[PDB]
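Values reported hereafter were calculated over all heavy atoms of this structure, with side chains retained and with hydrogens, waters and symmetry mates removed. The sequence lines fix the lettering, A, B, ..., with proteins before strands; numbering per chain opens at 1.
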Amino acid sequence: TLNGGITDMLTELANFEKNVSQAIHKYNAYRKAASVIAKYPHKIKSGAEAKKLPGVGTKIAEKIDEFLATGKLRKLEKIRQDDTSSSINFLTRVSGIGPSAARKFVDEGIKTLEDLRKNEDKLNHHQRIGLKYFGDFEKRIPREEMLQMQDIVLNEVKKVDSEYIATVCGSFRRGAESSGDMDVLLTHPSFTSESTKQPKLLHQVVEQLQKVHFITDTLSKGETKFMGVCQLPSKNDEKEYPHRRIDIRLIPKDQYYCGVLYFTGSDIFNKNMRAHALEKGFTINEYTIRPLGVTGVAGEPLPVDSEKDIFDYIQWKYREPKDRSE
DNA sequence: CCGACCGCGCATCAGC
DNA sequence: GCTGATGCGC
DNA sequence: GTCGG
Ligand SMILES: Nc1nc2c(ncn2[C@H]2C[C@H](O)[C@@H](COP(=O)(O)OP(=O)(O)[C@H](Cl)P(=O)(O)O)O2)c(=O)[nH]1
Ligand SMILES: [Cl-]
Ligand SMILES: [Cl-]
Ligand SMILES: [Cl-]
Ligand SMILES: [Cl-]
Ligand SMILES: [Cl-]
Ligand SMILES: [Mg+2]
Ligand code: NA
Ligand code: NA
Ligand code: NA
């Protein structure tokens, strides 16, 4: 919040470029600037001072000077006044509606929550579930609720097969006092990079969680990734908890560290780290870290026994989860 | 200037 | 059906 | 929109 004004401004610009301009690189550019400024330990007094930071350039520095002088940005004022832009930006807040679908809907004259609700037949499944829980999905999850949810997921998985290990990742694993959703990494010894010795490993865990009415809806589901909806149980007479987004990722057991690195994030952290990897001649995904050959074709998986081995390969000091929140 | 910008799972579609 | 491209979301 | 080479 130290430079909250500026970071909010940059994020709104990022959002515009993603949702309206469908310009993903500008979106990332703005997001990177916002990240580096959020980290910066002084109240920025000028654009020039900000432009010192990597990711902040001439244009964002100009914008910062306007913001600091006036408390606002004319470019954003106009955007806010533009109906097409406002509408498109709104609709993308529904899970499953992205920039294109949003713009398509706005061409059909579907512009508001009302419109969506009276045109449910125009929505795919994910989008329908996103509309159903629109309000709920805007609420954050207090950590104390994540702890209750953790306890449920871990216990239920244990009942399915004691050899499963489920790890809560995302902002929770980074120590955040609230989270936008729950991310669960799962492993089981029978699923490795060498073999899938057992089918339905993810399905069985999903079934059990639906069985106990923890998972309530499914947005998408395959052999290794489940994306859906869950809800804590409430007590007699007590108002129900909001429905919450949940993602469960099943990773080969021997690839745990790359998997938990990926799923701990943050997303921007992962992008920065993978980019640095490339500069150092490696490529990192959720499975492996590999060298980039003479040509730039990935080579074979390097051995990894900890998260820190990954950092070591690319010549970064180890960062604890809590310091990966960029 | 001028690319290159992380990397990938699932849903859905077009074209064969 | 299949493969590939595109959208969306992590 | 920013930056490295
Ligand atoms: N490489 C990469 N990893 C990503 C990306 N997006 C997400 N991840 C990884 C990194 C990310 O941490 C994890 C879960 O994604 P979620 O969108 O839930 O991010 P949280 O951090 O949990 C977010 Cl602060 P909260 O859920 O609390 O509101 O997936 C991406 O674009 N790229
Ligand atoms: Cl772009
Ligand atoms: Cl503003
Ligand atoms: Cl690993
Ligand atoms: Cl791989
Ligand atoms: Cl930590
Ligand atoms: Mg999360
Ligand atoms: Na700069
Ligand atoms: Na959306
Ligand atoms: Na998530």
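- Distance check on atom P: B:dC8 versus D:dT2 gives 29 Å, rounded to whole Å.
- Set against D:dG1, B:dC8, C:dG9, the side chain of A:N285 has B:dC8 as its closest nucleotide.
- Note on A:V94: only backbone sugar-phosphate atoms sit closer than 4.0 angstrom, heavy atoms only; bases stay farther off.
- Nucleic acid contact class of A:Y30 (heavy atoms, under 4.0 Å, all strands): sugar-phosphate only.
- When distances are taken from the side chain of A:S95 to each of C:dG9, B:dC6, B:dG9, the shortest belongs to C:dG9.
- In this structure, A:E326 places its CD atom 14 Å from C1' of B:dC6, rounding to the nearest Å.
- When each of D:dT2, B:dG7, C:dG9 is scored by its nearest atom to the side-chain atoms of A:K59, the top-ranked nucleotide is D:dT2.
- Remark: A:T224 is in phosphate contact with B:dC10, judged by side-chain N or O atoms under 4.0 Å from OP1 or OP2.
- Nearer the 5' end of DNA chain B, as judged by each residue's closest nucleotide, is the contact made by A:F282, out of A:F226 and A:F282.
- Computed from coordinates, the A:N124 CG to B:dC10 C1' distance equals 12 Å when rounded to whole Å.
- Contact check on A:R74 versus A:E77 returns no salt bridge, with no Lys/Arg side-chain nitrogen under 4.0 Å from an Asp/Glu carboxylate oxygen.
- In this structure, CG of A:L123 is placed 15 Å from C1' of B:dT12, rounded to the nearest angstrom.
- The residue A:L53 sits close only to the backbone: its heavy atoms come under 4.0 Å of sugar-phosphate atoms, none of a base.
- Among the nucleotides B:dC6, B:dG9, C:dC8, the one closest to the side chain of A:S100 is C:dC8.
- Between the CG atom of A:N28 and the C1' atom of D:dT2 there is a distance of 12 Å, rounded to whole Å.
- A:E286 comes within 4.0 angstrom of sugar-phosphate atoms only, judged by non-hydrogen atoms across all strands, and of no base.
- For A:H25 and A:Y27, the distance between ring centers is not under 6.0 angstrom.
- For A:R245, counting side-chain heavy atoms from C-beta on, the closest listed nucleotide (C:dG9, B:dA11, B:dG9) is C:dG9.
- Look at A:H126 and the base of C:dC8; the rings do not stack under the cut-offs of 5.5 Å between centres and 30° between planes.
- Note on A:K271: a side-chain N or O is less than 4.0 Å away from OP1 or OP2 of B:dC6.
- In this structure, A:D82 has no salt bridge (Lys or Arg N to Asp or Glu O under 4.0 Å) partners at least two apart in sequence or on a different chain.
- For the pair A:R244 and A:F137, the cation does not sit on the ring face, since its NZ or CZ is not both under 6.0 Å from the ring centre and inside 45° of the axis.
- The listed nucleotides are B:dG7, D:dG1, B:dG9; the one nearest the side chain of A:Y287 is B:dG9.
- Among the atoms of the strands shown, none is found under 4.0 Å from any heavy atom of A:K32.
- Using the sign of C1'-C2'-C3'-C4' as the criterion, C:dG1 is classed as north-puckered.
- Taking atom CG on A:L219 and atom P on B:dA11, their separation rounds to 10 Å, with Å as the unit.
- Counted by atom type alone, A:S95 and A:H126 present one or more donor-acceptor pairs between their side chains at under 3.5 Å.
- Distances from the side chain of A:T283 to the nucleotides B:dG7, B:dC8, D:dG1 place B:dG7 closest.
- Distance from the side chain of A:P99 is smallest to C:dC8 among D:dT2, C:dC8, B:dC8.
- Atom CE in A:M227 sits about 12 Å away from atom P in B:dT12, given to the nearest Å.
- The distance from atom CD1 of A:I24 to atom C1' of B:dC6 is 12 Å, rounded to the nearest whole Å.
- Among the heavy atoms of the strands, none lies under 4.0 Å from A:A23.
- Salt bridge annotation for A:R290-A:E300: absent, with no cationic side-chain nitrogen under 4.0 angstrom from a carboxylate oxygen.
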